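Q: below is the sequence, then the experimental coordinates.
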Amino acid sequence: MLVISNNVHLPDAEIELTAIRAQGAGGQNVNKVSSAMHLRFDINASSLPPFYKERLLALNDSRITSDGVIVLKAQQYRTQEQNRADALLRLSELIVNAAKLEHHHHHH
């Protein structure tokens, strides 16, 4: 569960955590998995309050989709585990970021 607020919780089911494998391999021949993790969070479908939905949707960030879905790919760290944690922190930071700011995104 992704705790955002005390009375606001994000069920794991509403968070699509994916892992990117090296397509074309994995079933005999070329046996090494890519460290690319994938994050997809349906703001549309999730139980997020209208406030948070609007804050994210009306963001100046290009990782925001018009349908309200957070889609990223963490291919930075050596392990998908660390990229998983990155993505989760990245998501939460982004959510709070849009809330703590007034507008824009390129400004801290």
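A: In hand now; what should we look at? Numbers count the residues shown, from 1 in each chain.
Q: biggest helix in this structure by residues?
A: Among the elements of the chain assigned as helix by DSSP state H, the one spanning the most residues is helix 80-100.
Q: tell me where the chain has helices.
A: Listed from the start of the chain, the chain has helices (DSSP H) covering 50-57, 80-100.
Q: same list (the ones you listed) but as JSON lines, adding mean neighbour count and distance to residue 38.
A: C-beta here means a position set from N, CA and C on the backbone, and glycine is covered the same way. Converted to JSON lines, those look like this (neighbours: other Cβ atoms under 10 Å; distance: least, Cβ to Cβ, whole Å):
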{"stretch": "helix 50-57", "mean neighbour count": "15", "distance to residue 38": "19"}
{"stretch": "helix 80-100", "mean neighbour count": "16", "distance to residue 38": "8"}
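Q: including distance to residue 20, could those go into a markdown table?
A: As requested, those are arranged in a markdown table below (distance: least, Cβ to Cβ, whole Å):
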| stretch | distance to residue 20 |
| --- | --- |
| helix 50-57 | 24 |
| helix 80-100 | 8 |
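Q: contacting residues for the closest residue to residue 11 other than its chain neighbours?
A: Setting aside the residues directly before and after it, residue 11 is nearest to residue 1 in space (Cβ to Cβ, 6 or more residues apart in numbering), at 6.2 Å. With contacts taken as Cβ atoms under 8 Å, 6 or more residues apart in numbering, residue 1 has the following neighbours: 9, 10, 11, 12.
Q: quick check, nearest of those residues to residue 95?
A: Proximity of those to residue 95 (Cβ to Cβ) peaks at residue 10, which lies at 9.3 Å.
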